[PDB]
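One structure follows; several queries about it will come next.
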Amino acid sequence: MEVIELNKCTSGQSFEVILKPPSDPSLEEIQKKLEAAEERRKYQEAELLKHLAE
Amino acid sequence: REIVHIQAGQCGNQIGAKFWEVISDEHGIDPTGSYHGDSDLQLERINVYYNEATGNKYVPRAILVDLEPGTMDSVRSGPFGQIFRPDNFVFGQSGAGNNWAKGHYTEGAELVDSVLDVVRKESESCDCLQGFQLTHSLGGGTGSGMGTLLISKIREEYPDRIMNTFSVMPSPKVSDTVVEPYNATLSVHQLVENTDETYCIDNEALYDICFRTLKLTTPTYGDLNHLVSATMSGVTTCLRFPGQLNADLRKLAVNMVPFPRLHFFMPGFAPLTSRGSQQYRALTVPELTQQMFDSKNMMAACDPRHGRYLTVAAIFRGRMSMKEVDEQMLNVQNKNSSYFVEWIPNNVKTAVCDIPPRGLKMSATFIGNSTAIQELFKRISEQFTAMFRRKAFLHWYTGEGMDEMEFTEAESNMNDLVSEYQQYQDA
Amino acid sequence: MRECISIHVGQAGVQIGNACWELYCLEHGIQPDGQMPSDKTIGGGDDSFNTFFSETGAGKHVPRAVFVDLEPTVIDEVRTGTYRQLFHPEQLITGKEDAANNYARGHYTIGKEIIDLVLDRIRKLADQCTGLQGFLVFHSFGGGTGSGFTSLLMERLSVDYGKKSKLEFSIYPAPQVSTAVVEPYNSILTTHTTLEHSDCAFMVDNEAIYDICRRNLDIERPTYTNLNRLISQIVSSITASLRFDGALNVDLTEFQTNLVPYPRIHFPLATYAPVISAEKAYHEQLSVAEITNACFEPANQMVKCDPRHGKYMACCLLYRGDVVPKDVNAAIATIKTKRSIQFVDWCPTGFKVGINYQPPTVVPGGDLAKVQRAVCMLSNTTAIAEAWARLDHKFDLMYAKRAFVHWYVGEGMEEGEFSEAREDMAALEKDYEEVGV
Amino acid sequence: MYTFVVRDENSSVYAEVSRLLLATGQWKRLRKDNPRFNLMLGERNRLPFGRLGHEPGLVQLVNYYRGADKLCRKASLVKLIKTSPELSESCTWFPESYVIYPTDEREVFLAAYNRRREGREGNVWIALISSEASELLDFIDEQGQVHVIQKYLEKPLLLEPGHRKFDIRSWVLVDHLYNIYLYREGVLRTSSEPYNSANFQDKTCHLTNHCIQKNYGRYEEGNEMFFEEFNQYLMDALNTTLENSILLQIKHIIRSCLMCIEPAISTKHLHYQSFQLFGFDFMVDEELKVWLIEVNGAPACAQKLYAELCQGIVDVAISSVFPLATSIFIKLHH
Ligand SMILES: Nc1nc2c(ncn2[C@@H]2O[C@H](COP(=O)(O)OP(=O)(O)OP(=O)(O)O)[C@@H](O)[C@H]2O)c(=O)[nH]1
Ligand SMILES: Nc1ncnc2c1ncn2[C@@H]1O[C@H](COP(=O)(O)OP(=O)(O)CP(=O)(O)O)[C@@H](O)[C@H]1O
Ligand SMILES: Nc1nc2c(ncn2[C@@H]2O[C@H](COP(=O)(O)OP(=O)(O)O)[C@@H](O)[C@H]2O)c(=O)[nH]1
Ligand SMILES: COc1ccc2[nH]c(C(=O)c3ccccc3)cc2c1
Ligand SMILES: [Mg+2]
Ligand SMILES: [Mg+2]
Ligand SMILES: [Mg+2]
């Protein structure tokens with residue numbers, strides 16, 4: 001019912017209609033997390049190569 | 001993403017040779033190594049298996065291995081014999097006498113380094129090697145013993161690369177020696193650990209298909225290899241031709257293998273055809289779908305109704321209504337949802353390739369990771385135990401330095417694999 | 001004027017980026033060689049379209065965009081595409097092996113060896129900005145790159161661009177066009193890691209786009225080209241306010257302001273209309289009332305769900321074509337008396353309307369027909385949580401058996417992150433419940 | 001060949017339906033959590049509507065309407081009737097009710113009570129039954145949950161022989177097309193011992209549920225009079241028919257209630273479809289004026305009527321969507 005803040009221009013126009021009223025991690029925290037996973041990969045690969053060595 | 005092919009032993013080299021001659025025709029490559037095709041679809045991913053060489057000739061990225069020159073000489077004199085890089089022919093002279101121990105520990109150990117030098121020289125030429133595929137039997141000595149030895153050493157030098165195998169299973173219906181269950185059990189022990197993917201090509205299945213379905217009174221290894229090369233062409237289609245799937249040997253592993261040890265696949269194919277006998281009538285899409293899921297079309301002698309599918313990959317080839325295929329594939333999962341695990345949503349996937357195989361206007365290849373595959377290993381286990389309980393024919397192995405303990409270990413792990421498959425059949 | 005940088009991650013992001021930037025060029029009259037005759041300020045300017053395009057002294061208008069994929073095949077088609085001259089080699093980054101549909105492989109393994117390069121190429125553009133607002137990130141939930149590398153990138157941008165906003169255009173996984181059985185894993189994982197790093201995310205269920213292409217474009221098996229050309233239109237409708245003169249959603253901050261009251265609940269439901277087939281011989285042009293009424297039909301939503309059984313937190317109507325405020329208000333008044341539109345008690349029941357007299361541009365030879373008027377509704381409704389429910393259920397089914405988990409652990413990821421991610425989604429599902437009922 | 005799932009075992013209605021479906025030999029029951037189903041006989045609480053209609057190649061159907069709880073909850077029913085212009089305040093066929101939150105529509109209820117207290121009007125209400133507001137305003141608070149106080153009909157129609165009270169139960173089936181089907185066979189859940197208008201909290205002659213009542217089986221088998229007998233009684237005792245005196249009002253209330261919430265629950269253009277069996281409870285006063293008591297979204301049937309009804313559900317609500325290789329329903333047209 002109530003139309004407000006009507007703004008017209010050449011490209012078009014915009015407005016608002018109301019019907020009813022109402023009633024981060026650090027840089028090294030990341031790099032440690034990535035490197036922690038890399039070490040887990042190298043450990044897994046090491047246990048493999050050790051097993052293959054046997 | 002290049003693949004390095006390896007073929008070991010009599011069986012491995014014979015199915016390997018046929019594999020190359022089949023897909024060479026599909027990619028328009030003649031025995032001379034020259035391209036003479038009509039479509040550019042043939043060349044877009046030809047580098048996965050072929051190396052581009054002088055005069056723009058395409059050379060298979062294949063390595064031929066054996067402990068006797070007999071079978072490899074036949075390959076070299078075969079149809080597409082001269083396409084192979086002559087330096088990739090690595091062979092011994094003593095053979096393996098269908099002995100796993102000879103291939104894995106004595107005779108093969110003496111030759112394996114020569115093979116790995118060729119593997120290395122090929123890998124260094126790869127823009128980005130994705131993995132290896134091996135063709136071999138498990139019932140013999142070389143492909144079985146030395147094949148699994150190669151796999152173990154390839155994993156050591158390329159631990160981050162995928163290892164794929166086309167492993168031919170032995171059967172009394174098609175038997176060379178009585179010690180095939182021994183060699184097989186020993187090999188399976190290796191495959192469970194050192195491969196990501198194994199296509200179980202059962203000779204028992206291949207024989208039954210030739211006898212029961214194809215009505216071939218007395219099938220030969222040639223007849224059996226018609227089925228193999230057809231299946232091998234199918235399960236590599238997604239790797240050899242561009243597709244929605246973006247398929248490689250790793251993506252196949254990630255999607256087909258929910259548990260690392262359970263990576264033994266049941267190949268299937270439709271339509272089943274015999275050599276020389278050409279079709280005239282093309283199969284309708286409903287027929288392709290029904291047949292490719294039927295047990296009579298499985299290359300592994302297992303009843304899929306005796307287990308549950310963990311995952312499925314179906315590859316349709318030829319020009320057809322992709323809508324109708326989707327309707328039939330969705331019909332499959334909806335008609336028998338009991339034989340598909342409910343704890344892996346959408347575990348059945350479909351792919352299409354416009355290019356059909358030679359002699360067929362359309363076909364369907366099946367790749368299923370069923371729990372029913374345990375029937376295959378249980379079969380080998382029974383044949384194994386029957387002899388092993390009396391230590392029969394064991395002197396052939398202990399004579400090569402092996403101990404009984406190693407047999408018992410291989411037996412136990414294969415039995416574990418069975419129980420592991422049984423575990424998820426009751427989930 | 002403030003600049004926006006578009007980041008396209010993975011196959012889905014890149015191919016959609018192609019669809020969008022293709023469409024942007026036609027709307028702004030920019031040619032494949034980057035020449036824009038209408039731009040009389042040669043070599044620069046602070047116009048609305050400069051938000052997405054930088055200018056060279058040679059009069060070339062290049063996208064403020066970066067394309068990144070861990071595998072070269074898709075981006076190589078951009079390098080040799082029709083808009084190859086449009087982009088700078090530094091903007092097209094490619095790896096050599098993809099994440100193999102694995103979140104962990106894209107995030108930890110391969111993500112670690114290329115994240116620094118990407119951020120350097122992004123910083124390259126950021127330095128060409130007078131006042132960067134933030135980033136628009138296009139990607140998939142299901143891909144190993146689209147899920148894995150995206151979350152890692154979103155983490156670093158929050159460190160390197162703390163004050164900058166970050167919007168998402170995410171492709172929700174659909175079996176009909178899936179590429180991996182583990183996409184539910186990748187979706188939950190990338191959502192959890194990106195949630196606090198995203199200010200506003202526009203989810204697009206491929207299921208919805210697939211059926212819209214089948215139902216309204218009569219395309220029996222929609223290709224990616226079909227889906228993307230439709231998605232590009234939606235994205236264009238959303239980003240038009242950033243590329244044209246207007247007073248609604250003029251910057252990225254205003255998106256969060258007008259669509260995201262609660263930070264975590266930042267997944268507005270998009271609904272587009274009309275979608276008409278180009279091969280439709282005879283078509284009766286639809287009115288403002290008809291297209292606006294269609295915005296409350298689930299068959300037109302970018303995610304299939306039922307807003308009736310939820311609550312709205314905000315709602316923006318973005319029109320393009322022959323539309324005037326009167327016809328809009330008349331439409332709204334009628335629709336309110338015939339449809340269930342419940343707003344949360346702490347919100348005003350209203351609609352922020354935006355009109356652009358220029359009707360929606362269609363790609364020549366495309367599947368969409370030219371229309372006199374179109375609309376894209378952006379409504380933050382709790383009903384979108386149905387998508388989280390579906391997805392979290394599929395996750396639970398597989399993870400109960402720890403299926404496929406070994407592939408992720410094998411990349412250095414911990415099995416705990418699965419549970420931590422799933423727990424965050426459980427919290428999210430409940431947040432939607434407190435607000436919704 | 002269609003498939004279905006069962007997620008409500010305690011339900012006697014669809015337990016018979018699941019039996020009938022299997023008996024056709026064209027329907028296969030799947031496990032509870034198997035998502036590849038065509039039909040879902042879902043649970044009563046926390047039914048996952050959000051996971052329906054997302055299985056490609058499967059037309060899915062469910063035996064419940066999402067949002068139909070607004071009608072099948074006493075607190076919601078009142079609010080629905082009071083806030084809906086289609087029904088609103090001057091609803092003639094719904095008793096005067098008030099949502100009353102415990103320790104809200106209290107202060108307005110007292111205004112009603114007082115004016116009727118003063119005017120010597122009938123002033124009994126029910127949550128239980130009393131003629132003093134203060135007595136069981138202390139009742140709703142000492143039990144804890146939400147309750148609805150409602151004007152007690154002090155002059156109900158009483159059956160002779162016996163001078164007995166009763167309340168009518170009608171079974172309505174709404175299909176996927178939102179066709180409202182009234183089951184021609186209803187049932188009178190009567191009282192066995194005479195209703196008196198002095199002693200009010202002997203709950204045996206005031207409340208006419210099958211539970212409390214189990215002088216049982218004295219007049220009719222199981223305190224269940226059917227329409228044939230009740231119709232005959234009306235013709236002999238009041239010179240009228242069940243169709244005219246009562247059933248027109250019932251058909252009206254049923255339609256009015258369901259047309260009101262249609263735009264909220266309809267699955268016309270949804271990705272999944274819904275149907276649902278309802279159980280409307282009506283009350284008749286001495287002047288043959290029908291009052292709506294409540295609606296139940298998970299109703300049980302009468303033993304005599306299980307076979308006919310359950311078979312009916314399969315015909316028009318299930319087979320209509322999933323066809324196989326005189327009608328017992330009155331279609332309420334709108
Ligand atoms: N709408 C749409 N979705 C796409 C498109 N391409 C891929 N997808 C979706 O993205 C999901 C898989 O992610 P991709 O983008 O293909 O993979 P990626 O991001 O490159 O990651 P990896 O290849 O695994 O390293 C699938 O569910 C597809 O449905 C596209 O062009 N349009
Ligand atoms: N306003 C009113 N006036 C007179 N009697 C009333 C009444 N409201 C309810 N009743 C009586 O109350 C009893 C039923 O209450 P209600 O219908 O709320 O219980 P209920 O629905 O849990 C049992 P069912 O599940 O079978 O419907 C009936 O015996 C009915 O006669
Ligand atoms: N399908 C098939 N199986 C074979 C072929 N040759 C041998 N086999 C099987 O392989 C086993 C013998 O192994 P073989 O390859 O001859 O041993 P190797 O050369 O020492 O590795 C037996 O179980 C045979 O059934 C063949 O050409 N085709
Ligand atoms: C089980 O669902 C899925 C999901 C994704 C998948 N990708 C692939 C492959 O890459 C592939 C590789 C070689 C041959 C055939 C297929 C198989 C597959 C199965
Ligand atoms: Mg031999
Ligand atoms: Mg990719
Ligand atoms: Mg300029």
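What you see below is based on every heavy atom in this structure, not just the backbone, and it leaves out hydrogens, waters and symmetry mates. Remember, it's 1-based here, ligands and their atoms both numbered in the order they're listed. Throughout, a chain's letter reflects where its sequence line sits, starting with A, and its residues are numbered from 1.
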protein heavy-atom neighbour closest to atom 11 (C) of ligand 4 works out as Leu252(B) CD1, 3.6 Å
Among all protein heavy atoms, pick out the one at the shortest distance from atom 14 (C) of ligand 4; state its residue, atom name and that distance to 0.1 Å. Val235(B) O, 3.2 Å
State whether the shortest distance between N or O atoms of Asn296(D) and N or O atoms of ligand 2 falls below 3.5 angstrom. yes
Would you call the rings of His27(B) and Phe241(B) parallel, tilted or perpendicular, where under 30° means parallel and over 60° means perpendicular? parallel
Identity and separation of the nearest protein heavy atom to atom 10 (O) of ligand 4: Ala247(B) CB, 3.2 Å
Hey, looking at atom 18 (C) of ligand 4, which of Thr237(B), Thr236(B), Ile315(B), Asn255(B) has the closest heavy atom? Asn255(B)
Report the nearest protein non-hydrogen atom to atom 8 (C) of ligand 4: residue, atom name, distance rounded to 0.1 Å. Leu245(B) CD2, 3.7 Å
Protein heavy atoms: any of them under 4.0 Å from atom 26 (O) of ligand 2? yes
Between ligand 2 and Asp167(D), is the shortest N or O to N or O distance under 3.5 Å? no
Counting only heavy atoms, tell me which of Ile126(D), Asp285(D), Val148(D), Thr208(D) gets closest to atom 30 (C) of ligand 2. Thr208(D)
Heavy-atom nearest neighbour in the protein, as seen from atom 1 (C) of ligand 4, with distance rounded to 0.1 Å: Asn347(B) O, 3.3 Å
Checked the Mg ion (ligand 7): protein N, O or S atoms closer than 2.8 Å come out as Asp39(C) OD1, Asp39(C) OD2, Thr41(C) O, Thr41(C) OG1, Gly44(C) O, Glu55(C) OE1, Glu55(C) OE2
Polar contact flag, side-chain donor to acceptor under 3.5 angstrom, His263(B)-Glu197(B): no
For ligand 4, does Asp248(B) get within less than 4.0 Å through its side chain, its backbone, both, or neither, judged by non-hydrogen atoms? backbone
Can you label the angle between the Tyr183(D) ring and the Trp171(D) ring as parallel, tilted or perpendicular, going by 30° and 60°? tilted
Mind checking what makes salt bridge (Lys or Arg N to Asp or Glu O under 4.0 Å) contact with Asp47(C), not counting sequence neighbours? none
When distances are taken from atom 2 (O) of ligand 4, the protein heavy atom at minimum range is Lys349(B) CB, 3.5 Å
Whether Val312(B) lies under 4.0 Å from ligand 4, heavy atom: yes
